[PDB]
């Protein structure tokens, strides 16, 4: 039984995140994808980010949201995320998924060997990421061997950064994310 773990800030979550989750679940025949909003940060309150993710993933039986990073403590380390989730899901083979840029930083930290005993890794990026970052890709691939995969997601052209700025400038967020998330951003006035 294979379990996907998508680690992100989700500030806000959008269709790029959701497409990426579906793609990864299909490419590796995952039975479920657990969305884990990170604790550590500026960044919206963890509850806002948690609720937005609950709203966006609710209607999908194969998506779920975990509070392991939010509840644990100050700074979020992927080794912690995987440790907690390994305990909750000892059955499951973990496929940790996040931005290719974040993954580069995560693998470059102390105890990266500890990471490979806990999970397989999937870096996601918007199109043409290997051209702009040919060395990060080259180093990631070579360190992890076939314990890591980089996949390109056209929909990740949608970014949390653009979403936030559209909200700041009162430009519509329709069809970039579920209406529920759009309204949540509005109702809580998340980005001024």
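Positions refer to the first chain, counted from 1.
Unmodelled residues of the deposited sequence between residue 141 and residue 142: none, 1 to 3, 4 to 9, or 10 or more? Unresolved stretch here: none.
Do the C-alpha atoms of 107-115 or of 76-84 have the higher average B factor in the entry? If you average the C-alpha B-factors of 76-84 and of 107-115, the larger mean comes out for 107-115.
58-66 versus 128-136 - which carries the larger mean C-alpha B factor in the record: Of 128-136 and 58-66, the stretch with the higher C-alpha B-factor average is 128-136.
Options 44, 159, 53, 40 - largest CA temperature factor per the record: That would be 40, according to the entry.
Per the PDB entry, which option out of 147, 36, 33, 151 has the greatest Cα B factor? Highest C-alpha B-factor among the listed residues goes to 147.
Among the chain's modelled residues, which third holds the C-alpha B-factor of residue 190? Middle third.
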